[PDB]
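Below is the file structure_37.pdb, which contains PDB, C-alpha atoms and all ligand atoms.
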ATOM      1  CA  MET X   1     206.309  17.692 184.708
ATOM      2  CA  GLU X   2     203.392  15.563 183.524
ATOM      3  CA  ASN X   3     202.040  16.291 187.013
ATOM      4  CA  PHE X   4     201.315  19.915 186.078
ATOM      5  CA  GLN X   5     198.896  21.693 183.786
ATOM      6  CA  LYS X   6     200.099  25.079 182.558
ATOM      7  CA  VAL X   7     197.429  27.715 183.054
ATOM      8  CA  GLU X   8     199.280  30.781 181.855
ATOM      9  CA  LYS X   9     202.592  32.602 181.578
ATOM     10  CA  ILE X  10     202.950  34.964 184.513
ATOM     11  CA  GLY X  11     206.193  36.540 183.388
ATOM     12  CA  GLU X  12     209.699  35.862 182.171
ATOM     13  CA  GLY X  13     211.962  35.476 185.182
ATOM     14  CA  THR X  14     215.723  35.960 184.921
ATOM     15  CA  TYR X  15     216.260  32.198 184.658
ATOM     16  CA  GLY X  16     213.284  31.119 182.592
ATOM     17  CA  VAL X  17     209.577  31.468 181.994
ATOM     18  CA  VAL X  18     207.304  31.411 185.051
ATOM     19  CA  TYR X  19     203.910  29.808 184.666
ATOM     20  CA  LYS X  20     200.783  29.738 186.788
ATOM     21  CA  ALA X  21     200.021  26.011 186.915
ATOM     22  CA  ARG X  22     197.744  23.417 188.451
ATOM     23  CA  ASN X  23     198.879  20.218 190.126
ATOM     24  CA  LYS X  24     196.893  17.590 188.188
ATOM     25  CA  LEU X  25     197.046  15.671 191.464
ATOM     26  CA  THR X  26     196.357  17.794 194.548
ATOM     27  CA  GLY X  27     194.699  20.465 192.385
ATOM     28  CA  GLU X  28     197.030  22.965 194.041
ATOM     29  CA  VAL X  29     197.634  26.174 192.050
ATOM     30  CA  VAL X  30     201.327  27.048 191.960
ATOM     31  CA  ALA X  31     203.923  29.158 190.165
ATOM     32  CA  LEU X  32     206.125  26.963 188.002
ATOM     33  CA  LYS X  33     209.541  28.289 187.042
ATOM     34  CA  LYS X  34     211.477  26.539 184.270
ATOM     35  CA  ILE X  35     215.194  27.150 184.728
ATOM     36  CA  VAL X  44     222.304  20.617 185.872
ATOM     37  CA  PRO X  45     225.341  21.427 188.039
ATOM     38  CA  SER X  46     225.391  19.508 191.332
ATOM     39  CA  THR X  47     226.254  22.743 193.151
ATOM     40  CA  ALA X  48     223.099  24.396 191.819
ATOM     41  CA  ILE X  49     220.983  21.409 192.870
ATOM     42  CA  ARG X  50     222.500  21.418 196.347
ATOM     43  CA  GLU X  51     222.216  25.192 196.810
ATOM     44  CA  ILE X  52     218.597  25.190 195.664
ATOM     45  CA  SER X  53     217.834  22.273 197.962
ATOM     46  CA  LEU X  54     218.975  24.467 200.866
ATOM     47  CA  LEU X  55     216.483  27.161 199.856
ATOM     48  CA  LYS X  56     213.664  24.649 200.420
ATOM     49  CA  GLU X  57     214.288  24.850 204.173
ATOM     50  CA  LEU X  58     214.397  28.655 204.247
ATOM     51  CA  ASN X  59     210.762  29.100 205.307
ATOM     52  CA  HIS X  60     209.248  32.394 206.486
ATOM     53  CA  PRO X  61     205.861  34.136 206.127
ATOM     54  CA  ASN X  62     207.419  36.941 204.049
ATOM     55  CA  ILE X  63     209.340  34.606 201.720
ATOM     56  CA  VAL X  64     207.544  32.955 198.775
ATOM     57  CA  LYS X  65     207.561  29.267 199.761
ATOM     58  CA  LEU X  66     209.551  26.970 197.471
ATOM     59  CA  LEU X  67     207.306  23.878 197.469
ATOM     60  CA  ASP X  68     209.392  21.482 195.448
ATOM     61  CA  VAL X  69     212.342  21.187 193.110
ATOM     62  CA  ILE X  70     212.014  18.908 190.085
ATOM     63  CA  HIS X  71     215.056  17.826 188.097
ATOM     64  CA  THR X  72     214.352  15.696 185.021
ATOM     65  CA  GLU X  73     215.929  15.405 181.587
ATOM     66  CA  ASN X  74     218.697  17.568 182.950
ATOM     67  CA  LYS X  75     215.827  20.027 183.253
ATOM     68  CA  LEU X  76     215.101  21.977 186.410
ATOM     69  CA  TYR X  77     211.660  23.165 187.568
ATOM     70  CA  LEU X  78     210.991  25.031 190.790
ATOM     71  CA  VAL X  79     207.438  24.887 192.137
ATOM     72  CA  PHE X  80     206.528  27.876 194.305
ATOM     73  CA  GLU X  81     203.516  29.043 196.228
ATOM     74  CA  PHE X  82     201.380  31.215 193.904
ATOM     75  CA  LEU X  83     200.552  34.877 194.626
ATOM     76  CA  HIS X  84     198.155  36.840 192.440
ATOM     77  CA  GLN X  85     199.868  40.174 192.204
ATOM     78  CA  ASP X  86     203.302  41.786 192.345
ATOM     79  CA  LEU X  87     204.376  45.192 193.689
ATOM     80  CA  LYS X  88     205.131  46.623 190.255
ATOM     81  CA  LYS X  89     201.599  45.969 189.020
ATOM     82  CA  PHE X  90     200.171  47.296 192.296
ATOM     83  CA  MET X  91     202.309  50.422 192.113
ATOM     84  CA  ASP X  92     201.174  50.951 188.495
ATOM     85  CA  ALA X  93     197.537  50.438 189.560
ATOM     86  CA  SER X  94     197.875  52.895 192.491
ATOM     87  CA  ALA X  95     199.769  55.527 190.490
ATOM     88  CA  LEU X  96     197.079  58.246 190.395
ATOM     89  CA  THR X  97     196.484  58.149 194.135
ATOM     90  CA  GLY X  98     199.687  56.555 195.425
ATOM     91  CA  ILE X  99     199.861  53.718 197.960
ATOM     92  CA  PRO X 100     198.689  54.989 201.375
ATOM     93  CA  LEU X 101     201.587  55.650 203.783
ATOM     94  CA  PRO X 102     200.305  53.068 206.307
ATOM     95  CA  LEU X 103     200.370  50.353 203.620
ATOM     96  CA  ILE X 104     203.818  51.456 202.392
ATOM     97  CA  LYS X 105     205.039  51.244 205.999
ATOM     98  CA  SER X 106     203.452  47.774 206.469
ATOM     99  CA  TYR X 107     205.041  46.488 203.259
ATOM    100  CA  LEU X 108     208.481  47.930 204.169
ATOM    101  CA  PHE X 109     208.248  46.397 207.690
ATOM    102  CA  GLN X 110     207.294  42.952 206.358
ATOM    103  CA  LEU X 111     210.072  42.990 203.731
ATOM    104  CA  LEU X 112     212.583  43.949 206.416
ATOM    105  CA  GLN X 113     211.349  40.986 208.515
ATOM    106  CA  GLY X 114     211.893  38.715 205.461
ATOM    107  CA  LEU X 115     215.373  40.170 204.854
ATOM    108  CA  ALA X 116     216.270  39.941 208.573
ATOM    109  CA  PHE X 117     215.404  36.206 208.355
ATOM    110  CA  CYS X 118     217.322  35.386 205.167
ATOM    111  CA  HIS X 119     220.279  37.447 206.238
ATOM    112  CA  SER X 120     220.439  35.669 209.594
ATOM    113  CA  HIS X 121     220.931  32.466 207.527
ATOM    114  CA  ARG X 122     223.594  34.124 205.418
ATOM    115  CA  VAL X 123     221.312  34.043 202.363
ATOM    116  CA  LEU X 124     221.255  37.095 200.089
ATOM    117  CA  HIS X 125     218.618  37.992 197.490
ATOM    118  CA  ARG X 126     220.912  40.183 195.346
ATOM    119  CA  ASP X 127     218.190  41.156 192.871
ATOM    120  CA  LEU X 128     215.329  42.715 194.772
ATOM    121  CA  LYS X 129     212.886  44.611 192.515
ATOM    122  CA  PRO X 130     209.164  45.466 192.561
ATOM    123  CA  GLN X 131     208.476  42.605 190.105
ATOM    124  CA  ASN X 132     209.714  40.040 192.602
ATOM    125  CA  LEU X 133     207.778  41.365 195.604
ATOM    126  CA  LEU X 134     204.460  39.545 195.671
ATOM    127  CA  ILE X 135     201.319  40.570 197.463
ATOM    128  CA  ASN X 136     198.026  38.960 198.543
ATOM    129  CA  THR X 137     194.546  40.082 199.656
ATOM    130  CA  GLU X 138     195.452  39.755 203.313
ATOM    131  CA  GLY X 139     197.924  42.644 203.201
ATOM    132  CA  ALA X 140     200.929  40.297 203.150
ATOM    133  CA  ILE X 141     203.982  40.971 200.980
ATOM    134  CA  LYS X 142     206.636  38.358 200.116
ATOM    135  CA  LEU X 143     210.118  38.142 198.638
ATOM    136  CA  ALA X 144     210.345  35.929 195.539
ATOM    137  CA  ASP X 145     213.477  34.396 193.928
ATOM    138  CA  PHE X 146     215.449  34.586 197.168
ATOM    139  CA  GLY X 147     218.886  32.859 197.035
ATOM    140  CA  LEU X 148     218.472  32.012 193.312
ATOM    141  CA  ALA X 149     221.279  34.373 192.189
ATOM    142  CA  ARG X 150     223.945  32.503 194.158
ATOM    143  CA  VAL X 163     217.280  43.647 179.701
ATOM    144  CA  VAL X 164     217.838  43.097 183.419
ATOM    145  CA  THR X 165     217.047  46.245 185.411
ATOM    146  CA  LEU X 166     219.957  47.971 187.153
ATOM    147  CA  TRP X 167     217.679  50.473 188.953
ATOM    148  CA  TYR X 168     217.993  48.721 192.336
ATOM    149  CA  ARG X 169     221.642  47.738 192.187
ATOM    150  CA  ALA X 170     223.846  48.773 195.124
ATOM    151  CA  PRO X 171     226.894  51.002 194.315
ATOM    152  CA  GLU X 172     229.436  48.456 195.615
ATOM    153  CA  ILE X 173     228.163  45.997 192.968
ATOM    154  CA  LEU X 174     228.380  48.671 190.269
ATOM    155  CA  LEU X 175     231.914  49.527 191.460
ATOM    156  CA  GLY X 176     233.139  45.947 190.873
ATOM    157  CA  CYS X 177     233.057  44.656 194.478
ATOM    158  CA  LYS X 178     233.219  40.864 194.105
ATOM    159  CA  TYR X 179     232.330  39.929 197.677
ATOM    160  CA  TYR X 180     229.444  42.232 198.560
ATOM    161  CA  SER X 181     227.104  41.188 201.333
ATOM    162  CA  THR X 182     223.626  41.539 202.818
ATOM    163  CA  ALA X 183     223.777  45.348 202.630
ATOM    164  CA  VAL X 184     223.078  45.070 198.859
ATOM    165  CA  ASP X 185     219.487  43.998 199.705
ATOM    166  CA  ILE X 186     218.978  46.910 202.116
ATOM    167  CA  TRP X 187     220.067  49.288 199.312
ATOM    168  CA  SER X 188     217.579  47.710 196.861
ATOM    169  CA  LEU X 189     214.734  47.872 199.391
ATOM    170  CA  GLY X 190     215.594  51.554 200.176
ATOM    171  CA  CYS X 191     215.215  52.274 196.435
ATOM    172  CA  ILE X 192     211.870  50.481 196.314
ATOM    173  CA  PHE X 193     210.696  52.368 199.509
ATOM    174  CA  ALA X 194     211.471  55.741 197.781
ATOM    175  CA  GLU X 195     209.620  54.577 194.630
ATOM    176  CA  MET X 196     206.498  53.616 196.601
ATOM    177  CA  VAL X 197     206.447  57.030 198.253
ATOM    178  CA  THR X 198     207.165  59.193 195.204
ATOM    179  CA  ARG X 199     205.532  57.036 192.513
ATOM    180  CA  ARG X 200     208.667  57.338 190.387
ATOM    181  CA  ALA X 201     211.803  55.118 190.224
ATOM    182  CA  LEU X 202     214.593  56.626 192.334
ATOM    183  CA  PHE X 203     217.556  55.817 190.015
ATOM    184  CA  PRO X 204     216.291  54.465 186.651
ATOM    185  CA  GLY X 205     219.697  53.966 184.998
ATOM    186  CA  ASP X 206     219.843  52.417 181.570
ATOM    187  CA  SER X 207     223.499  51.360 181.689
ATOM    188  CA  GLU X 208     225.950  50.611 184.507
ATOM    189  CA  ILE X 209     227.602  54.023 184.241
ATOM    190  CA  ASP X 210     224.247  55.833 183.897
ATOM    191  CA  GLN X 211     223.073  53.944 187.023
ATOM    192  CA  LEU X 212     226.227  54.899 188.895
ATOM    193  CA  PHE X 213     226.012  58.515 187.778
ATOM    194  CA  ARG X 214     222.326  58.829 188.721
ATOM    195  CA  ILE X 215     223.193  57.654 192.199
ATOM    196  CA  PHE X 216     226.121  60.166 192.402
ATOM    197  CA  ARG X 217     223.988  63.063 191.161
ATOM    198  CA  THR X 218     221.545  62.508 193.999
ATOM    199  CA  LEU X 219     223.623  61.235 196.940
ATOM    200  CA  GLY X 220     226.850  63.023 195.932
ATOM    201  CA  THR X 221     229.970  61.433 194.368
ATOM    202  CA  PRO X 222     231.388  59.104 197.005
ATOM    203  CA  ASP X 223     234.873  59.796 198.366
ATOM    204  CA  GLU X 224     237.232  58.493 201.050
ATOM    205  CA  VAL X 225     235.467  60.668 203.661
ATOM    206  CA  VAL X 226     232.004  59.058 203.431
ATOM    207  CA  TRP X 227     233.171  55.663 202.065
ATOM    208  CA  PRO X 228     236.679  54.670 203.174
ATOM    209  CA  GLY X 229     238.246  52.411 200.516
ATOM    210  CA  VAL X 230     235.887  53.469 197.690
ATOM    211  CA  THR X 231     238.735  54.915 195.614
ATOM    212  CA  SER X 232     240.523  51.532 195.484
ATOM    213  CA  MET X 233     237.470  49.640 194.209
ATOM    214  CA  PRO X 234     237.893  47.802 190.867
ATOM    215  CA  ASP X 235     235.720  49.982 188.681
ATOM    216  CA  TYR X 236     236.292  53.225 190.516
ATOM    217  CA  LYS X 237     237.833  56.004 188.355
ATOM    218  CA  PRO X 238     239.357  59.260 189.653
ATOM    219  CA  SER X 239     237.842  60.756 186.498
ATOM    220  CA  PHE X 240     234.265  60.286 187.830
ATOM    221  CA  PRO X 241     232.530  63.718 187.892
ATOM    222  CA  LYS X 242     232.191  65.204 191.377
ATOM    223  CA  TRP X 243     228.526  66.035 192.135
ATOM    224  CA  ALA X 244     227.216  67.485 195.434
ATOM    225  CA  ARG X 245     224.721  65.554 197.585
ATOM    226  CA  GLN X 246     221.027  66.591 197.514
ATOM    227  CA  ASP X 247     218.706  66.896 200.544
ATOM    228  CA  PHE X 248     216.282  64.030 201.089
ATOM    229  CA  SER X 249     213.530  66.599 201.559
ATOM    230  CA  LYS X 250     213.978  67.172 197.800
ATOM    231  CA  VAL X 251     214.369  63.446 197.080
ATOM    232  CA  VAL X 252     211.279  61.924 198.686
ATOM    233  CA  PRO X 253     208.701  64.570 199.603
ATOM    234  CA  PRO X 254     206.486  64.433 201.350
ATOM    235  CA  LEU X 255     207.899  61.588 203.398
ATOM    236  CA  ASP X 256     208.124  62.580 207.094
ATOM    237  CA  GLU X 257     211.406  62.947 208.969
ATOM    238  CA  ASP X 258     211.231  59.442 210.453
ATOM    239  CA  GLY X 259     210.814  57.925 206.944
ATOM    240  CA  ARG X 260     213.573  60.150 205.479
ATOM    241  CA  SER X 261     215.977  59.258 208.342
ATOM    242  CA  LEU X 262     215.380  55.499 207.749
ATOM    243  CA  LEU X 263     215.756  55.936 203.996
ATOM    244  CA  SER X 264     219.050  57.846 204.411
ATOM    245  CA  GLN X 265     220.384  54.954 206.487
ATOM    246  CA  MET X 266     219.347  52.276 203.978
ATOM    247  CA  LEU X 267     221.128  54.341 201.293
ATOM    248  CA  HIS X 268     224.479  54.824 203.098
ATOM    249  CA  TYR X 269     227.324  54.450 200.548
ATOM    250  CA  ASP X 270     229.558  52.438 202.868
ATOM    251  CA  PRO X 271     228.055  48.928 203.034
ATOM    252  CA  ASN X 272     229.416  48.658 206.567
ATOM    253  CA  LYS X 273     227.552  51.791 207.661
ATOM    254  CA  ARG X 274     224.303  50.861 205.858
ATOM    255  CA  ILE X 275     221.588  49.917 208.350
ATOM    256  CA  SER X 276     220.909  46.172 208.753
ATOM    257  CA  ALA X 277     217.380  44.692 208.323
ATOM    258  CA  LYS X 278     217.326  43.885 212.073
ATOM    259  CA  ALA X 279     218.251  47.450 213.147
ATOM    260  CA  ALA X 280     215.873  48.950 210.576
ATOM    261  CA  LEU X 281     212.967  47.087 212.235
ATOM    262  CA  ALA X 282     213.643  49.015 215.481
ATOM    263  CA  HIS X 283     213.674  52.406 213.730
ATOM    264  CA  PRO X 284     211.149  54.958 215.101
ATOM    265  CA  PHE X 285     209.469  54.987 211.642
ATOM    266  CA  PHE X 286     207.825  51.692 212.603
ATOM    267  CA  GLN X 287     206.537  52.881 215.990
ATOM    268  CA  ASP X 288     203.015  53.156 214.563
ATOM    269  CA  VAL X 289     203.125  50.363 211.999
ATOM    270  CA  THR X 290     199.867  48.469 211.285
ATOM    271  CA  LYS X 291     198.671  45.949 208.708
ATOM    272  CA  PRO X 292     196.150  47.453 206.277
ATOM    273  CA  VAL X 293     194.357  45.475 203.561
ATOM    274  CA  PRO X 294     195.134  46.672 200.036
ATOM    275  CA  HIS X 295     192.437  46.919 197.439
ATOM    276  CA  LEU X 296     193.311  44.356 194.786
ATOM    277  CA  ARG X 297     191.575  43.844 191.466
ATOM    278  CA  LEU X 298     192.339  40.249 190.516
TER     279      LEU X 298
HETATM  280 BR1  LIG X 301     207.564  32.225 192.500
HETATM  281  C1  LIG X 301     206.080  33.274 192.227
HETATM  282  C2  LIG X 301     204.827  33.142 192.837
HETATM  283  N1  LIG X 301     203.995  34.077 192.387
HETATM  284  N2  LIG X 301     204.725  34.826 191.472
HETATM  285  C3  LIG X 301     204.304  35.908 190.738
HETATM  286  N3  LIG X 301     203.004  36.333 190.919
HETATM  287  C4  LIG X 301     202.617  37.660 190.453
HETATM  288  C5  LIG X 301     201.814  37.475 189.214
HETATM  289  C6  LIG X 301     202.198  38.061 188.003
HETATM  290  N4  LIG X 301     201.514  37.878 186.867
HETATM  291  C7  LIG X 301     200.420  37.103 186.968
HETATM  292  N5  LIG X 301     199.966  36.474 188.060
HETATM  293  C8  LIG X 301     200.673  36.667 189.174
HETATM  294  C9  LIG X 301     205.230  36.501 189.871
HETATM  295  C10 LIG X 301     206.577  36.009 189.746
HETATM  296  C11 LIG X 301     207.521  36.676 188.807
HETATM  297  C12 LIG X 301     207.310  36.590 187.431
HETATM  298  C13 LIG X 301     208.187  37.205 186.532
HETATM  299  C14 LIG X 301     209.296  37.910 187.007
HETATM  300  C15 LIG X 301     209.523  38.000 188.381
HETATM  301  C16 LIG X 301     208.638  37.387 189.280
HETATM  302  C17 LIG X 301     206.966  34.934 190.491
HETATM  303  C18 LIG X 301     205.995  34.343 191.368
END

Take the structure in the file and write it out as structure tokens.
Ligand SMILES: Brc1cnn2c(NCc3cncnc3)cc(-c3ccccc3)cc12
Amino acid sequence: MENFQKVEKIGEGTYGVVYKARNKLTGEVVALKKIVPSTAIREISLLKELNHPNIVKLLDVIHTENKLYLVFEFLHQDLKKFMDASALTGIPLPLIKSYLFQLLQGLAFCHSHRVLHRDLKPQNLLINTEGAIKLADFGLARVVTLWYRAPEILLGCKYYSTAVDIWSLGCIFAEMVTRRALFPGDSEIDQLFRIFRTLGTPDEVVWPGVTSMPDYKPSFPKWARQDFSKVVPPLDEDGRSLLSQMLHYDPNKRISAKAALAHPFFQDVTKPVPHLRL
């Protein structure tokens, strides 16, 4: 640690405080996360090899004094701040599409290595001046916001898979378009019920096996599904079709990152430069 000079606190991650810091040696500016079980050390070590342009690079892992520090590449802004900053005007559709495409490329990569994020949220999607967007805190999982949590997690599924990340990204996609959180639940049941109220209460017809799930209750209220035209106006039909697929109840039916990349929505994708005030 003596090799780093703390510049400032850039948030309070789920595991510890994250600091912008300077390598007293190389002079490199990095993000320093202060989080040990051998399993954790080994798992984290694996993440160091998981390199991709849309994944925040984990530079080094430092274990000392039974303490654990993760040194990451530093990015100046996150999607939440950018969304807040662009609230009056909204993020231009072409930039939303570019960001969604890049994130799907990142997910496609991680997923192909059997690595899940599990906690995707605007705060952990980092952006730069070049129009790039990157997933932060990938593989780390293996008040905390429930807004992006997939229904199978909320329903007590113990062995959920990659589809949970597609669900979270579908929620974030909707939020970028509408400028309002899709399902801002403030408790597990409120989260579940917000999802039901919009997509309809799931049943054996649309989600075979849902009624047997651990936290499923026959006493759940039965709400009708709403039309996406009401959910994310004025997103075009291509966008709404993609969204509807990323939000399928059945994790097995939910579109994969790979398939999502081929969706017609991305036929005209480009890479705009955002306007960032750093
Ligand atoms: Br790795 C990493 C690399 N950059 N980075 C950023 N940068 C965005 C930023 C935010 N505030 C000031 N400067 C830059 C935020 C978080 C993060 C922090 C807290 C919670 C979740 C993610 C992690 C992280």

With only C-alpha atoms as the counted atoms, please give the residues lying no more than 8 Å from residue X:143, apart from itself and same-chain residues fewer than 2 positions off, as a PyMOL selection string. chain X and resi 62-64+111+114+128+132-134+141+145-146

Report, in Å to a single decimal, how far apart atom CA of residue X:291 and atom CA of residue X:104 are.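 These two atoms are separated by 9.8 Å.
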
For residue X:229, please output as a list in words all residues within 12 Å (counting only C-alpha atoms; exclusion window: fewer than 4 positions along the same chain). residues 172, 175, 177, 222, 223, 224, 225, 233, 234, 236, 269, 270, 271 and 272 of chain X

Please write the residues from the selection above to a file, keeping C-alpha atoms, as a PDB file, in the frame of the given file.
ATOM      1  CA  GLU X 172     229.436  48.456 195.615  1.00  0.00           C
ATOM      2  CA  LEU X 175     231.914  49.527 191.460  1.00  0.00           C
ATOM      3  CA  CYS X 177     233.057  44.656 194.478  1.00  0.00           C
ATOM      4  CA  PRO X 222     231.388  59.104 197.005  1.00  0.00           C
ATOM      5  CA  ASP X 223     234.873  59.796 198.366  1.00  0.00           C
ATOM      6  CA  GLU X 224     237.232  58.493 201.050  1.00  0.00           C
ATOM      7  CA  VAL X 225     235.467  60.668 203.661  1.00  0.00           C
ATOM      8  CA  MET X 233     237.470  49.640 194.209  1.00  0.00           C
ATOM      9  CA  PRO X 234     237.893  47.802 190.867  1.00  0.00           C
ATOM     10  CA  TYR X 236     236.292  53.225 190.516  1.00  0.00           C
ATOM     11  CA  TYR X 269     227.324  54.450 200.548  1.00  0.00           C
ATOM     12  CA  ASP X 270     229.558  52.438 202.868  1.00  0.00           C
ATOM     13  CA  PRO X 271     228.055  48.928 203.034  1.00  0.00           C
ATOM     14  CA  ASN X 272     229.416  48.658 206.567  1.00  0.00           C
TER      15      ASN X 272
END

Find the residues near ligand LIG 301 (chain X). Use a cut-off of 10 Å, count only C-alpha atoms and all ligand atoms, and write them as a PyMOL selection string. chain X and resi 8-20+30-33+63-67+78-89+128-136+142-146+298

From the set X:23, X:115, X:240, X:147, which residue has the shortest atom-to-atom contact distance to residue X:56, counting only C-alpha atoms?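 Looking only at the distances to residue X:56, the closest residue turns out to be X:147.
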
Provide the atom CA of residue X:179 to atom CA of residue X:248 distance in Å, to one decimal place.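 These two atoms are separated by 29.2 Å.
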
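From atom CA of residue X:194 back to atom CA of residue X:266, the distance works out to 10.6 Å.
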
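Closest approach to residue X:92 among X:244, X:219, X:71, X:201: X:201, based on only C-alpha atoms.
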
Could you tell me which of X:118, X:273, X:96, X:207 comes closest to residue X:165 if we count all atoms listed in the file?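 Among the listed residues, X:207 lies closest to residue X:165.
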
Skipping near chain neighbours, those fewer than 3 positions away, what residues fall within 12 Å of residue X:288 using all atoms listed in the file, listed as a PyMOL selection string? chain X and resi 101-103+105-106+109+258-259+281-285+291

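Of the residues under consideration (X:276, X:61, X:126, X:148), X:148 shows the shortest atom-to-atom contact distance to residue X:49 when counting only C-alpha atoms.
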
Residues matched by the PyMOL selection byres (((chain X and resi 94) around 12) and not hetatm) as a CSV table (one decimal) with C-alpha atoms, in the frame of the given file:
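So the final result, stored in part14.csv, reads:
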chain,number,residue,atom,x,y,z
X,87,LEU,CA,204.4,45.2,193.7
X,88,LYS,CA,205.1,46.6,190.3
X,89,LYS,CA,201.6,46.0,189.0
X,90,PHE,CA,200.2,47.3,192.3
X,91,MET,CA,202.3,50.4,192.1
X,92,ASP,CA,201.2,51.0,188.5
X,93,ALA,CA,197.5,50.4,189.6
X,95,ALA,CA,199.8,55.5,190.5
X,96,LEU,CA,197.1,58.2,190.4
X,97,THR,CA,196.5,58.1,194.1
X,98,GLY,CA,199.7,56.6,195.4
X,99,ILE,CA,199.9,53.7,198.0
X,100,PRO,CA,198.7,55.0,201.4
X,103,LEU,CA,200.4,50.4,203.6
X,104,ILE,CA,203.8,51.5,202.4
X,196,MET,CA,206.5,53.6,196.6
X,197,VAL,CA,206.4,57.0,198.3
X,198,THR,CA,207.2,59.2,195.2
X,199,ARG,CA,205.5,57.0,192.5
X,200,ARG,CA,208.7,57.3,190.4
X,294,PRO,CA,195.1,46.7,200.0
X,295,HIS,CA,192.4,46.9,197.4
X,296,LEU,CA,193.3,44.4,194.8
X,297,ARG,CA,191.6,43.8,191.5

If you apply the PyMOL selection byres (((chain X and resi 181-184) around 8) and not hetatm) to this file, what residues do you get, as a PyMOL selection string? chain X and resi 119+122-124+126+169-170+172-173+179-180+185-188+271-272+274-276

Pick from X:52, X:212, X:1, X:44: nearest to residue X:24, with all atoms listed in the file counted?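 Closest to residue X:24, using all atoms listed in the file: X:1.
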
Best match for closeness to residue X:250 among X:218, X:287, X:53, X:137, counting all atoms listed in the file: X:218

Could you pull the residues within 12 Å of residue X:246, counting all atoms listed in the file, minus those fewer than 6 positions along the same chain, as JSON, numbers by chain? {"X": [214, 215, 216, 217, 218, 219, 220, 221, 252, 264]}
